[PDB]
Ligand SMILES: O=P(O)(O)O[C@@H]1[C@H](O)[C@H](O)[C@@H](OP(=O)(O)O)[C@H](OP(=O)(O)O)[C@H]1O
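So this first bit is one chain, no partners, the form deposited without ligand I3P, shown in structure tokens.
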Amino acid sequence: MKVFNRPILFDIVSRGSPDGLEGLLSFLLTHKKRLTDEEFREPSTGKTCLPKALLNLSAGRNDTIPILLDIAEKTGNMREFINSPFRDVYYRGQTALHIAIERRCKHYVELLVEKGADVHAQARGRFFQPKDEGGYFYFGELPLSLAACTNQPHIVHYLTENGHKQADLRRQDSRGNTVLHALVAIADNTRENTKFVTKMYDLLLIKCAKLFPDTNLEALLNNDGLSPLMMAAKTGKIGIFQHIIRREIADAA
């Protein structure tokens, strides 16, 4: 009968071979194992085979993915499997959903949300200097904030509008930063950057006033006590700052 271990499983999933997964469910069941058990995770990083599949796509797809999710379900393990956190040198708490967004894979973003992905999982920055040296790309930790900061308006739409589990526009990360605070973080002052950050900022403000008319999104304050306007001024984000200021004169006029 058919044995699985970690290098067997990771070789199958990195090749993206659904057929090699035959007998895996039965094996897990008869041996009373799960895909989240340490022997099926990469000891160095915490990665299960799902991040592995999602990092080894062939024409945007890895057909082990649907089969892994179903196996996890049938082993009473689906939420845990989907949300198993991993780490590298830049972030801890990263999940499959973060990867699917970063890789720009809307189809896998949907699949994973549909099957119970944590839409608010935080990819928290790691640091090695006495004071945080900023070696990680800061995008506001959260799945929605990543989609905004990587200019993926369709994923931003899906995440906030889908019929299964919606990411909250008002959500704040470990720094108390909302999506608008994170868009100020990634703002450099180059013109194409000012272009999209500004468009995405304005898109999300409207979206929020539509869904949550009782809330001003740019009023919500991080743990420095700063709005996105004031954070923009403290950190020299001229472009986003002037845009916001210019919008307020318009909306007061």
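For every residue, the number given is its place in the sequence shown, counted from 1.
Checked against the record, the higher mean CA B factor of 162 to 170 and 175 to 183 lies with 162 to 170. The PDB entry reports B-factors from which the mean C-alpha value can be compared for 202 to 210 and 38 to 46; the larger average falls on 202 to 210. Taking the deposited Cα B-factors for 120, 74, 154, 79, the highest one is held by 154. In the deposited entry, the Cα temperature factor of residue 26 places it in the lowest third of its chain's modelled residues.
Sort the chain's modelled residues by C-alpha temperature factor and residue 131 lands in the highest third, per the entry. Ranked against the other modelled residues of its chain, the C-alpha B-factor of residue 68 as given in the entry falls in the lowest third. Residue 91 sits in the lowest third of its chain by CA B factor, as recorded in the PDB entry. Among the modelled residues of the chain, residue 195 sits in the highest third by CA temperature factor in this PDB entry.
Below: the form solved in complex with ligand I3P, not depicted.
Checking 61, 31, 199, 210 against ligand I3P in the entry with it bound, a heavy atom within 4.5 Å turns up for just one residue: 199. The partner is absent here, but in the entry with it bound a heavy atom of 106, alone among 106, 87, 124, 171, sits within 4.5 Å of ligand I3P. Contact with ligand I3P in the entry with it bound, judged as any non-hydrogen atom within 4.5 angstroms, is confined among 134 to 142, 148 to 156, 162 to 170, 111 to 119 to 148 to 156.
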